[PDB]
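Next comes data_17.tsv, a file with TSV, C-alpha atoms (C1' of nucleotides) and all ligand atoms.
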chain	number	residue	atom	x	y	z
A	9	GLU	CA	2.72	155.07	-7.45
A	10	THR	CA	1.95	158.75	-7.04
A	11	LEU	CA	-0.48	159.77	-9.67
A	12	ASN	CA	-3.11	157.73	-8.08
A	13	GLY	CA	-1.76	157.95	-4.51
A	14	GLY	CA	-4.61	159.85	-2.54
A	15	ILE	CA	-6.98	157.47	-4.08
A	16	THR	CA	-5.16	154.49	-3.07
A	17	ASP	CA	-4.45	155.74	0.39
A	18	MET	CA	-7.88	156.97	1.14
A	19	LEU	CA	-9.22	153.64	-0.11
A	20	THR	CA	-6.93	151.49	2.08
A	21	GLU	CA	-7.89	153.74	4.95
A	22	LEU	CA	-11.47	152.84	4.03
A	23	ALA	CA	-10.63	149.10	3.71
A	24	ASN	CA	-8.69	148.89	6.95
A	25	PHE	CA	-11.54	150.45	8.81
A	26	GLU	CA	-14.28	147.93	7.71
A	27	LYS	CA	-11.96	145.05	8.44
A	28	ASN	CA	-11.12	146.32	12.06
A	29	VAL	CA	-13.75	148.48	13.65
A	30	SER	CA	-16.46	146.71	11.66
A	31	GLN	CA	-16.49	143.16	10.70
A	32	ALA	CA	-17.21	143.90	6.99
A	33	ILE	CA	-14.81	141.34	5.49
A	34	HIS	CA	-16.34	141.90	2.06
A	35	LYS	CA	-16.43	145.78	2.00
A	36	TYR	CA	-13.09	145.50	3.19
A	37	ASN	CA	-12.05	143.10	0.54
A	38	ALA	CA	-14.01	145.45	-1.73
A	39	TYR	CA	-11.92	148.53	-1.05
A	40	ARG	CA	-8.79	146.51	-1.46
A	41	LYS	CA	-9.09	145.18	-4.91
A	42	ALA	CA	-10.31	148.61	-5.95
A	43	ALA	CA	-7.45	150.33	-4.16
A	44	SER	CA	-5.37	147.75	-6.05
A	45	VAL	CA	-6.73	148.30	-9.56
A	46	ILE	CA	-6.77	152.06	-9.25
A	47	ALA	CA	-3.10	151.86	-8.35
A	48	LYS	CA	-2.22	150.08	-11.57
A	49	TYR	CA	-3.92	152.52	-13.87
A	50	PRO	CA	-1.54	154.62	-15.81
A	51	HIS	CA	-3.40	157.82	-15.75
A	52	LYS	CA	-4.73	160.46	-13.41
A	53	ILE	CA	-8.20	159.57	-12.22
A	54	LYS	CA	-10.11	162.60	-13.09
A	55	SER	CA	-13.41	161.52	-11.89
A	56	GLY	CA	-15.31	158.73	-10.44
A	57	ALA	CA	-16.95	158.07	-13.66
A	58	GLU	CA	-13.52	157.49	-15.13
A	59	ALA	CA	-12.53	155.38	-12.20
A	60	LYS	CA	-15.74	153.46	-12.36
A	61	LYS	CA	-14.85	151.98	-15.72
A	62	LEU	CA	-12.63	149.92	-13.65
A	63	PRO	CA	-12.90	146.41	-12.39
A	64	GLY	CA	-14.15	146.34	-8.82
A	65	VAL	CA	-15.10	149.80	-9.22
A	66	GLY	CA	-18.52	150.35	-8.29
A	67	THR	CA	-21.00	153.04	-7.75
A	68	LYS	CA	-20.00	152.96	-4.14
A	69	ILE	CA	-16.34	153.71	-4.48
A	70	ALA	CA	-16.79	155.91	-7.49
A	71	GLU	CA	-18.92	158.08	-5.37
A	72	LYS	CA	-16.13	158.23	-2.87
A	73	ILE	CA	-13.58	159.11	-5.58
A	74	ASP	CA	-15.51	162.22	-6.64
A	75	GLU	CA	-15.86	163.56	-3.12
A	76	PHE	CA	-12.16	163.16	-2.63
A	77	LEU	CA	-11.40	164.60	-5.94
A	78	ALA	CA	-13.68	167.51	-5.56
A	79	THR	CA	-12.81	168.45	-1.89
A	80	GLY	CA	-9.48	167.71	-0.32
A	81	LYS	CA	-11.06	165.09	1.90
A	82	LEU	CA	-13.86	162.73	2.65
A	83	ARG	CA	-16.37	162.97	5.53
A	84	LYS	CA	-16.59	159.22	6.25
A	85	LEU	CA	-12.98	159.34	6.45
A	86	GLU	CA	-13.11	162.48	8.71
A	87	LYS	CA	-15.83	160.98	10.92
A	88	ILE	CA	-13.92	157.66	11.57
A	89	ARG	CA	-10.63	159.44	12.20
A	90	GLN	CA	-12.56	161.30	14.82
A	91	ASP	CA	-14.53	158.36	16.29
A	92	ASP	CA	-13.24	157.39	19.69
A	93	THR	CA	-14.45	153.88	19.61
A	94	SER	CA	-12.96	153.12	16.34
A	95	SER	CA	-9.87	155.05	17.47
A	96	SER	CA	-9.83	152.78	20.35
A	97	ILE	CA	-9.72	149.69	18.51
A	98	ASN	CA	-6.87	150.88	16.42
A	99	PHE	CA	-4.83	151.47	19.45
A	100	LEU	CA	-5.50	148.36	21.50
A	101	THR	CA	-4.54	146.39	18.51
A	102	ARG	CA	-0.87	147.64	18.99
A	103	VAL	CA	-0.75	145.34	21.92
A	104	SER	CA	0.89	142.22	20.92
A	105	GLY	CA	-1.58	139.54	21.34
A	106	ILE	CA	-4.46	141.92	20.66
A	107	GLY	CA	-6.18	141.50	17.42
A	108	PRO	CA	-9.36	142.97	16.05
A	109	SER	CA	-11.67	140.50	17.76
A	110	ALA	CA	-10.29	141.14	21.08
A	111	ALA	CA	-9.94	144.79	20.46
A	112	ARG	CA	-13.63	145.15	20.00
A	113	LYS	CA	-14.37	142.89	22.83
A	114	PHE	CA	-12.32	145.04	25.20
A	115	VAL	CA	-13.87	148.08	24.05
A	116	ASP	CA	-17.18	146.76	24.58
A	117	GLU	CA	-16.19	146.19	28.10
A	118	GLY	CA	-14.87	149.66	28.23
A	119	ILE	CA	-11.16	148.90	28.30
A	120	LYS	CA	-10.01	151.59	25.92
A	121	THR	CA	-6.68	152.60	27.21
A	122	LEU	CA	-3.32	151.41	28.19
A	123	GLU	CA	-4.18	151.94	31.70
A	124	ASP	CA	-7.57	150.20	31.25
A	125	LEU	CA	-5.61	147.32	30.21
A	126	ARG	CA	-3.49	147.32	33.34
A	127	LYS	CA	-6.38	147.59	35.72
A	128	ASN	CA	-7.64	144.48	34.20
A	129	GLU	CA	-4.59	142.44	33.65
A	130	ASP	CA	-6.78	139.53	34.51
A	131	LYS	CA	-8.87	139.94	31.39
A	132	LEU	CA	-5.70	139.38	29.43
A	133	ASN	CA	-3.80	136.23	28.44
A	134	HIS	CA	-0.16	135.50	28.90
A	135	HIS	CA	0.69	136.54	25.31
A	136	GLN	CA	-1.30	139.76	25.76
A	137	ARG	CA	0.12	140.03	29.34
A	138	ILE	CA	3.52	140.15	27.97
A	139	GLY	CA	2.60	142.42	25.10
A	140	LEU	CA	1.26	144.71	27.66
A	141	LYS	CA	4.22	144.38	29.75
A	142	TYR	CA	6.63	145.29	27.04
A	143	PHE	CA	4.51	147.73	25.05
A	144	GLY	CA	7.22	150.40	24.68
A	145	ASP	CA	10.15	148.11	23.89
A	146	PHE	CA	7.93	146.24	21.59
A	147	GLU	CA	7.38	149.13	19.36
A	148	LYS	CA	11.02	150.35	19.45
A	149	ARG	CA	13.34	149.49	16.60
A	150	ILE	CA	16.46	147.25	16.90
A	151	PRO	CA	19.79	148.88	15.99
A	152	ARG	CA	21.83	146.60	13.84
A	153	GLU	CA	24.61	147.38	16.26
A	154	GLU	CA	22.50	145.25	18.74
A	155	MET	CA	21.43	142.78	16.03
A	156	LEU	CA	25.10	142.04	15.82
A	157	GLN	CA	25.41	141.49	19.62
A	158	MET	CA	22.25	139.38	19.73
A	159	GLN	CA	23.25	137.32	16.70
A	160	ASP	CA	26.66	136.67	18.29
A	161	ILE	CA	25.30	135.27	21.48
A	162	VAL	CA	22.74	133.27	19.71
A	163	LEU	CA	25.12	131.54	17.53
A	164	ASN	CA	27.14	130.88	20.62
A	165	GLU	CA	24.94	128.75	22.61
A	166	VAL	CA	23.66	127.20	19.41
A	167	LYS	CA	27.07	125.96	18.95
A	168	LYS	CA	27.55	125.06	22.59
A	169	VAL	CA	24.59	122.74	22.74
A	170	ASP	CA	25.34	120.80	19.57
A	171	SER	CA	28.02	121.67	17.03
A	172	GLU	CA	25.83	120.13	14.33
A	173	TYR	CA	23.31	123.01	14.41
A	174	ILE	CA	22.89	125.69	11.77
A	175	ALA	CA	21.27	128.97	12.41
A	176	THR	CA	20.87	131.90	10.28
A	177	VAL	CA	19.47	135.13	11.25
A	178	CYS	CA	17.27	136.04	8.26
A	179	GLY	CA	15.31	139.27	7.54
A	180	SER	CA	16.38	142.78	6.71
A	181	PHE	CA	19.15	142.27	9.10
A	182	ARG	CA	20.38	139.56	6.84
A	183	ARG	CA	19.89	142.12	4.02
A	184	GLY	CA	22.22	144.83	5.65
A	185	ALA	CA	19.40	146.88	7.26
A	186	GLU	CA	20.49	149.74	9.60
A	187	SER	CA	17.79	148.42	11.95
A	188	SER	CA	15.26	145.76	12.47
A	189	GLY	CA	12.00	145.10	14.13
A	190	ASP	CA	12.65	141.73	15.63
A	191	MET	CA	15.06	138.98	15.28
A	192	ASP	CA	14.37	136.05	13.00
A	193	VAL	CA	16.32	132.87	13.59
A	194	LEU	CA	15.99	129.97	11.07
A	195	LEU	CA	17.14	126.72	12.47
A	196	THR	CA	17.99	123.29	11.23
A	197	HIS	CA	19.85	120.22	11.89
A	198	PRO	CA	21.02	117.27	9.72
A	199	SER	CA	19.28	114.89	12.03
A	200	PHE	CA	16.02	116.60	10.90
A	201	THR	CA	14.59	116.70	7.43
A	202	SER	CA	11.39	116.18	5.51
A	203	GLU	CA	10.71	112.53	6.67
A	204	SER	CA	12.95	111.89	9.71
A	205	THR	CA	10.10	111.96	12.19
A	206	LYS	CA	11.02	115.09	14.10
A	207	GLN	CA	13.10	115.65	17.16
A	208	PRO	CA	11.08	118.30	19.03
A	209	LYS	CA	13.86	118.33	21.47
A	210	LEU	CA	16.08	119.72	18.69
A	211	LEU	CA	14.13	122.91	19.08
A	212	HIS	CA	13.70	122.60	22.75
A	213	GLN	CA	17.35	122.09	23.56
A	214	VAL	CA	18.35	125.51	22.34
A	215	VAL	CA	15.45	127.44	23.73
A	216	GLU	CA	16.47	126.10	26.99
A	217	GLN	CA	20.01	126.96	26.25
A	218	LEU	CA	19.17	130.56	25.61
A	219	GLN	CA	17.12	130.74	28.74
A	220	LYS	CA	19.70	129.23	30.89
A	221	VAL	CA	21.90	132.05	30.13
A	222	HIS	CA	19.36	134.78	30.21
A	223	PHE	CA	18.97	135.66	26.64
A	224	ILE	CA	15.34	134.41	26.62
A	225	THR	CA	13.19	136.01	29.15
A	226	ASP	CA	9.73	135.00	28.27
A	227	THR	CA	7.73	132.67	26.27
A	228	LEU	CA	5.02	133.94	23.91
A	229	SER	CA	4.75	130.57	22.45
A	230	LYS	CA	6.57	127.38	22.28
A	231	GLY	CA	5.78	124.59	19.91
A	232	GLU	CA	7.77	121.74	18.58
A	233	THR	CA	8.88	123.66	15.59
A	234	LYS	CA	8.42	127.26	16.23
A	235	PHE	CA	9.25	129.12	19.35
A	236	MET	CA	8.14	132.75	19.68
A	237	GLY	CA	9.50	134.84	22.52
A	238	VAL	CA	11.14	137.90	24.14
A	239	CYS	CA	14.90	138.54	24.78
A	240	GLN	CA	17.36	141.04	26.16
A	241	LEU	CA	21.04	141.83	26.03
A	242	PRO	CA	22.83	141.71	29.29
A	243	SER	CA	22.60	145.08	30.74
A	244	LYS	CA	26.21	145.90	31.02
A	245	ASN	CA	28.11	147.45	33.86
A	246	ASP	CA	25.04	149.42	34.76
A	247	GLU	CA	23.38	152.73	33.97
A	248	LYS	CA	22.09	151.18	30.75
A	249	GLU	CA	19.81	148.19	30.48
A	250	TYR	CA	18.48	146.86	27.21
A	251	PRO	CA	14.89	146.99	25.94
A	252	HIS	CA	12.86	143.79	25.59
A	253	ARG	CA	13.01	142.34	22.10
A	254	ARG	CA	10.75	140.00	20.24
A	255	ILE	CA	12.49	136.97	18.97
A	256	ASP	CA	11.48	133.91	16.92
A	257	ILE	CA	13.42	130.66	16.46
A	258	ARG	CA	12.06	127.93	14.10
A	259	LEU	CA	12.98	124.35	13.36
A	260	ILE	CA	13.54	123.13	9.84
A	261	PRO	CA	14.35	119.98	7.98
A	262	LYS	CA	18.00	120.38	6.86
A	263	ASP	CA	16.63	119.42	3.44
A	264	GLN	CA	14.60	122.62	3.35
A	265	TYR	CA	16.84	125.31	4.78
A	266	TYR	CA	18.29	127.33	1.84
A	267	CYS	CA	14.94	127.84	0.12
A	268	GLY	CA	13.51	128.88	3.43
A	269	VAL	CA	16.61	130.86	4.19
A	270	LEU	CA	16.54	132.52	0.80
A	271	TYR	CA	12.98	133.24	1.11
A	272	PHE	CA	12.66	134.74	4.64
A	273	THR	CA	15.69	136.90	3.75
A	274	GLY	CA	13.52	138.53	0.94
A	275	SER	CA	13.15	141.25	0.05
A	276	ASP	CA	9.51	140.71	-0.73
A	277	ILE	CA	10.27	141.94	-4.25
A	278	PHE	CA	13.65	140.21	-4.61
A	279	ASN	CA	11.80	137.07	-4.00
A	280	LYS	CA	8.81	137.74	-6.19
A	281	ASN	CA	11.19	138.70	-8.90
A	282	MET	CA	13.55	135.80	-8.52
A	283	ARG	CA	10.56	133.60	-8.33
A	284	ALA	CA	9.04	135.05	-11.50
A	285	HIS	CA	12.25	134.15	-13.28
A	286	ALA	CA	12.49	130.56	-12.03
A	287	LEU	CA	9.15	130.17	-14.02
A	288	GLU	CA	10.75	131.06	-17.26
A	289	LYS	CA	13.85	129.14	-16.34
A	290	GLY	CA	11.46	126.12	-16.11
A	291	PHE	CA	11.08	126.09	-12.35
A	292	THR	CA	9.05	126.68	-9.26
A	293	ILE	CA	10.20	128.25	-6.06
A	294	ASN	CA	8.37	128.36	-2.78
A	295	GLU	CA	9.24	128.66	0.90
A	296	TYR	CA	10.48	125.06	0.97
A	297	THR	CA	11.78	123.93	-2.24
A	298	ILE	CA	12.35	124.24	-6.02
A	299	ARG	CA	10.63	122.06	-8.48
A	300	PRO	CA	11.21	121.58	-12.20
A	301	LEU	CA	8.29	122.53	-14.38
A	302	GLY	CA	6.63	119.98	-16.65
A	303	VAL	CA	4.99	121.22	-19.83
A	304	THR	CA	1.59	119.39	-19.10
A	305	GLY	CA	0.87	122.51	-17.14
A	306	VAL	CA	2.67	121.71	-13.93
A	307	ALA	CA	5.06	119.29	-12.43
A	308	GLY	CA	6.83	118.13	-9.20
A	309	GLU	CA	10.12	116.71	-8.00
A	310	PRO	CA	12.20	118.76	-5.49
A	311	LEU	CA	15.65	119.48	-6.70
A	312	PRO	CA	18.45	119.13	-4.20
A	313	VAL	CA	19.76	122.21	-2.34
A	314	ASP	CA	22.96	122.54	-0.18
A	315	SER	CA	23.31	126.30	-0.56
A	316	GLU	CA	21.69	129.63	-1.54
A	317	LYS	CA	23.83	129.16	-4.67
A	318	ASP	CA	22.19	125.85	-5.77
A	319	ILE	CA	18.90	127.57	-6.07
A	320	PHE	CA	20.77	130.36	-8.04
A	321	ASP	CA	22.60	127.99	-10.37
A	322	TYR	CA	19.40	126.18	-10.93
A	323	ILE	CA	17.66	129.23	-12.42
A	324	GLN	CA	20.92	130.24	-13.91
A	325	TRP	CA	21.23	133.60	-12.30
A	326	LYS	CA	23.75	135.75	-10.70
A	327	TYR	CA	24.49	134.95	-7.08
A	328	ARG	CA	23.12	137.90	-5.29
A	329	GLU	CA	24.78	138.77	-2.00
A	330	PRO	CA	22.06	139.17	0.51
A	331	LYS	CA	23.26	142.81	0.77
A	332	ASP	CA	21.82	143.51	-2.67
A	333	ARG	CA	18.77	141.21	-2.49
A	334	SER	CA	16.91	144.42	-2.14
A	335	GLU	CA	14.90	143.84	-5.31
D	1	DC	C1'	-0.55	129.97	5.10
D	2	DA	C1'	0.99	127.50	8.87
D	3	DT	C1'	1.65	127.15	13.66
D	4	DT	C1'	0.16	127.93	18.53
D	5	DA	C1'	-3.27	129.04	22.38
D	6	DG	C1'	-7.20	128.53	24.27
D	7	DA	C1'	-11.59	127.77	25.75
Z	1	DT	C1'	-13.08	121.62	17.69
Z	2	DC	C1'	-12.89	126.08	16.24
Z	3	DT	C1'	-11.23	130.59	16.31
Z	4	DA	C1'	-7.93	134.06	17.00
Z	5	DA	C1'	-3.29	135.99	16.59
Z	6	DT	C1'	1.78	136.06	14.60
Z	7	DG	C1'	4.46	136.09	10.87
A	401	NA	NA	-16.63	148.30	-13.58
A	402	NA	NA	-1.68	143.54	17.98
Structure re-expressed in structure tokens:
Amino acid sequence: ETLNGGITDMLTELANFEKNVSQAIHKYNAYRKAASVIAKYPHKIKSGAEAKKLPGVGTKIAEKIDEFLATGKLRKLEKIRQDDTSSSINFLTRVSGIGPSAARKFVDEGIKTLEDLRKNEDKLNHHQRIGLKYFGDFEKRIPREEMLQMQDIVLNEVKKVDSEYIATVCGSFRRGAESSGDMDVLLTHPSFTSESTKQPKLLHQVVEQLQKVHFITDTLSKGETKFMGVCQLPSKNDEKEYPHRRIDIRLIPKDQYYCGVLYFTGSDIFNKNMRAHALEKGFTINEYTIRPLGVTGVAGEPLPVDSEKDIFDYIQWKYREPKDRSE
DNA sequence: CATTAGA
DNA sequence: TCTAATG
């Protein structure tokens, strides 16, 4: 967590590079397990050699550990950090809609900058057009204060369209968070569950709702179960307009909500932890349900959930307010 | 790890 | 169809 820090960081730097600028899936995967194992180890790596005794730790990485150990750096790392092309790719990627593949492809073409991107808006897709469009607001955080305003409106039309809807705004926001990155809305409806052959409209109705009023301003992607877009709060009585904010609404079988709600609400650790426990408590938790464990090795059979509590009761734990679902 | 776009 | 990109 800190005794092996440099090592792990340097390593991940190494991994991330192969993955992105290069297409070295393996080297990349290589650095990662290493960077993983080294992070576990209870003592100060005092040398490669030492390191090397490790699993996934080869001659390759060991070599790298010495160099870092010995001198406060690494050339390969210094070289890459310098490298404009590679630099490039790292940057372009910030564009929403821009991934490694494309990143390299643009580079190859010579589109390296923000501006480059503009000049060739044609070379970009709608997703990427939008990303480009809202590059600044996309990177900007969302003050809870706003999360509150957004949430309010959302729940409002939700209601307006059909009073039988249920939406929860999951994430860190859900967890108290002074600020969020985007807003995550989990949706469901009684008239939709596991078997009941969809109702794409169910999703559709609301998206439309939200648009009709101006909350939704663009579409990144709209499917029958998962919309992905952009939104904005009505710029008041002038002098102050709101920044464009990523938003995601998703449909869900009413018979799957809570687990999904619980889950998306995290935190990553709260989850992992709670999950670990359901194992002992003779269960299995996953993004959609909660199954009782059968000694044979495994088992099935989805227990019934009507609240965040049911899942709790089930594993006989303490109901944790989302506030303190931190870990 | 599943859903969407796209070509 | 596959392949990329989000989460
Ligand atoms: Na080894
Ligand atoms: Na990106």
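In this comparison, which uses only C-alpha atoms and all ligand atoms, the residue of A:102, A:35, A:87, A:183 approaching ligand NA 402 (chain A) most closely is A:102.
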**Request:** May I have the protein, DNA and RNA residues with an atom at most 12 Å from (-7.4, 130.5, 25.7), counting only C-alpha atoms (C1' of nucleotides) in the file's coordinates, returned as a list in words?
**Result:** residues 105, 110, 131, 132, 133, 134, 135 and 136 of chain A; 4, 5, 6 and 7 of chain D; 2, 3, 4 and 5 of chain Z
For chain A against ligand NA 402 (chain A), with a cut-off of 6 Å and counting only C-alpha atoms and all ligand atoms, what is the closest atom pair and its distance in Å to one decimal for every residue that makes the cut, ordered by chain and number, as CSV?
residue,atom,partner,partner_atom,distance
A:101,CA,A:NA402,NA,4.1
A:102,CA,A:NA402,NA,4.3
A:103,CA,A:NA402,NA,4.4
A:104,CA,A:NA402,NA,4.1
A:105,CA,A:NA402,NA,5.2
A:106,CA,A:NA402,NA,4.2
A:107,CA,A:NA402,NA,5.0
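Across the structure, atom CA of residue A:317 and atom CA of residue A:256 are spaced 25.3 Å apart.
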Environment of ligand NA 401 (chain A) within 12 Å, counting all atoms listed in the file, reported as a PDB file with C-alpha atoms, in the frame of the given file:
ATOM      1  CA  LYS A  41      -9.090 145.180  -4.910  1.00  0.00           C
ATOM      2  CA  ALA A  42     -10.310 148.610  -5.950  1.00  0.00           C
ATOM      3  CA  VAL A  45      -6.730 148.300  -9.560  1.00  0.00           C
ATOM      4  CA  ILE A  46      -6.770 152.060  -9.250  1.00  0.00           C
ATOM      5  CA  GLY A  56     -15.310 158.730 -10.440  1.00  0.00           C
ATOM      6  CA  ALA A  57     -16.950 158.070 -13.660  1.00  0.00           C
ATOM      7  CA  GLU A  58     -13.520 157.490 -15.130  1.00  0.00           C
ATOM      8  CA  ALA A  59     -12.530 155.380 -12.200  1.00  0.00           C
ATOM      9  CA  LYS A  60     -15.740 153.460 -12.360  1.00  0.00           C
ATOM     10  CA  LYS A  61     -14.850 151.980 -15.720  1.00  0.00           C
ATOM     11  CA  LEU A  62     -12.630 149.920 -13.650  1.00  0.00           C
ATOM     12  CA  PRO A  63     -12.900 146.410 -12.390  1.00  0.00           C
ATOM     13  CA  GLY A  64     -14.150 146.340  -8.820  1.00  0.00           C
ATOM     14  CA  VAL A  65     -15.100 149.800  -9.220  1.00  0.00           C
ATOM     15  CA  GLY A  66     -18.520 150.350  -8.290  1.00  0.00           C
ATOM     16  CA  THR A  67     -21.000 153.040  -7.750  1.00  0.00           C
ATOM     17  CA  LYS A  68     -20.000 152.960  -4.140  1.00  0.00           C
ATOM     18  CA  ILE A  69     -16.340 153.710  -4.480  1.00  0.00           C
ATOM     19  CA  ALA A  70     -16.790 155.910  -7.490  1.00  0.00           C
TER      20      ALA A  70
END
**Item:** Interface, chain A side, toward chain D (10 Å; all atoms listed in the file) as a list in words
**Value:** residues 133, 134, 135, 228, 229, 230, 231, 232, 233, 234, 235 and 236 of chain A
Selection above as a file: C-alpha atoms, as a compact mmCIF listing (two decimals), keeping the file's coordinate frame:
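So out_6.txt came out as:
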# COMPACT_ATOMS: atom_id res chain seq x y z
CA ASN A 133 -3.80 136.23 28.44
CA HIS A 134 -0.16 135.50 28.90
CA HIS A 135 0.69 136.54 25.31
CA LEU A 228 5.02 133.94 23.91
CA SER A 229 4.75 130.57 22.45
CA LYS A 230 6.57 127.38 22.28
CA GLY A 231 5.78 124.59 19.91
CA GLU A 232 7.77 121.74 18.58
CA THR A 233 8.88 123.66 15.59
CA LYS A 234 8.42 127.26 16.23
CA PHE A 235 9.25 129.12 19.35
CA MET A 236 8.14 132.75 19.68
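Atom CA of residue A:227 is positioned 18.4 Å from atom CA of residue A:161.
The space between atom CA of residue A:93 and atom CA of residue A:138 spans 24.1 Å.
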**Fill in**
Among A:224, A:191, A:85, A:218, chain Z is approached most closely, using all atoms listed in the file, by A:191
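The shortest atom-to-atom distance to chain Z, with all atoms listed in the file taken into account, belongs to A:109 out of A:28, A:109, A:264, A:324.
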For stretch 258-275 of chain A of the structure just presented, write N, CA, C and O atoms to a file, as a CSV table (one decimal), in the first residue's frame.
chain,number,residue,atom,x,y,z
A,258,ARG,N,-31.1,3.2,-17.3
A,258,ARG,CA,-31.1,1.8,-17.8
A,258,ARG,C,-32.4,1.0,-17.3
A,258,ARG,O,-32.8,1.1,-16.2
A,259,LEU,N,-32.9,0.2,-18.2
A,259,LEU,CA,-34.1,-0.5,-17.9
A,259,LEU,C,-33.8,-1.8,-17.1
A,259,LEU,O,-32.8,-2.4,-17.5
A,260,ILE,N,-34.7,-2.1,-16.2
A,260,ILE,CA,-34.5,-3.3,-15.4
A,260,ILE,C,-35.7,-4.0,-14.9
A,260,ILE,O,-36.6,-3.4,-14.4
A,261,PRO,N,-35.7,-5.4,-15.1
A,261,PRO,CA,-36.8,-6.2,-14.6
A,261,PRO,C,-37.0,-5.9,-13.1
A,261,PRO,O,-36.1,-6.1,-12.3
A,262,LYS,N,-38.2,-5.4,-12.7
A,262,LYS,CA,-38.5,-5.1,-11.4
A,262,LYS,C,-38.1,-6.2,-10.4
A,262,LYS,O,-37.9,-6.0,-9.2
A,263,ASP,N,-37.9,-7.4,-10.9
A,263,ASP,CA,-37.5,-8.6,-10.2
A,263,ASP,C,-35.9,-8.7,-10.0
A,263,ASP,O,-35.3,-9.6,-9.6
A,264,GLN,N,-35.3,-7.6,-10.4
A,264,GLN,CA,-33.9,-7.5,-10.4
A,264,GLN,C,-33.3,-6.3,-9.8
A,264,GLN,O,-32.1,-6.2,-9.5
A,265,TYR,N,-34.1,-5.3,-9.6
A,265,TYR,CA,-33.7,-4.0,-9.1
A,265,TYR,C,-32.7,-4.0,-7.9
A,265,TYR,O,-31.5,-3.8,-8.1
A,266,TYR,N,-33.2,-4.1,-6.7
A,266,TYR,CA,-32.4,-4.1,-5.4
A,266,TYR,C,-31.0,-4.6,-5.5
A,266,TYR,O,-30.2,-3.9,-5.0
A,267,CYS,N,-30.8,-5.8,-6.1
A,267,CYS,CA,-29.5,-6.4,-6.2
A,267,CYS,C,-28.6,-5.4,-7.1
A,267,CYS,O,-27.5,-5.1,-6.8
A,268,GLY,N,-29.3,-5.0,-8.1
A,268,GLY,CA,-28.7,-4.1,-9.1
A,268,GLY,C,-28.5,-2.8,-8.5
A,268,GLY,O,-27.5,-2.1,-8.7
A,269,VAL,N,-29.5,-2.4,-7.7
A,269,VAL,CA,-29.4,-1.1,-7.0
A,269,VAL,C,-28.2,-1.2,-6.0
A,269,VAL,O,-27.4,-0.3,-6.0
A,270,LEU,N,-28.3,-2.2,-5.2
A,270,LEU,CA,-27.3,-2.4,-4.2
A,270,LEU,C,-25.9,-2.2,-4.7
A,270,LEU,O,-25.1,-1.4,-4.3
A,271,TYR,N,-25.8,-3.1,-5.7
A,271,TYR,CA,-24.6,-3.2,-6.4
A,271,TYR,C,-23.9,-2.0,-7.1
A,271,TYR,O,-22.7,-1.8,-6.8
A,272,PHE,N,-24.6,-1.3,-7.9
A,272,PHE,CA,-24.2,-0.1,-8.6
A,272,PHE,C,-23.8,1.0,-7.7
A,272,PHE,O,-23.0,1.9,-8.1
A,273,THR,N,-24.5,1.0,-6.5
A,273,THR,CA,-24.3,1.9,-5.4
A,273,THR,C,-23.0,1.7,-4.7
A,273,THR,O,-22.5,2.6,-4.0
A,274,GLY,N,-22.3,0.5,-4.9
A,274,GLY,CA,-21.0,0.1,-4.3
A,274,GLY,C,-20.9,0.2,-2.7
A,274,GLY,O,-21.9,0.0,-2.0
A,275,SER,N,-19.7,0.7,-2.2
A,275,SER,CA,-18.6,1.0,-3.0
A,275,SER,C,-18.0,-0.3,-3.5
A,275,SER,O,-18.5,-1.3,-2.9
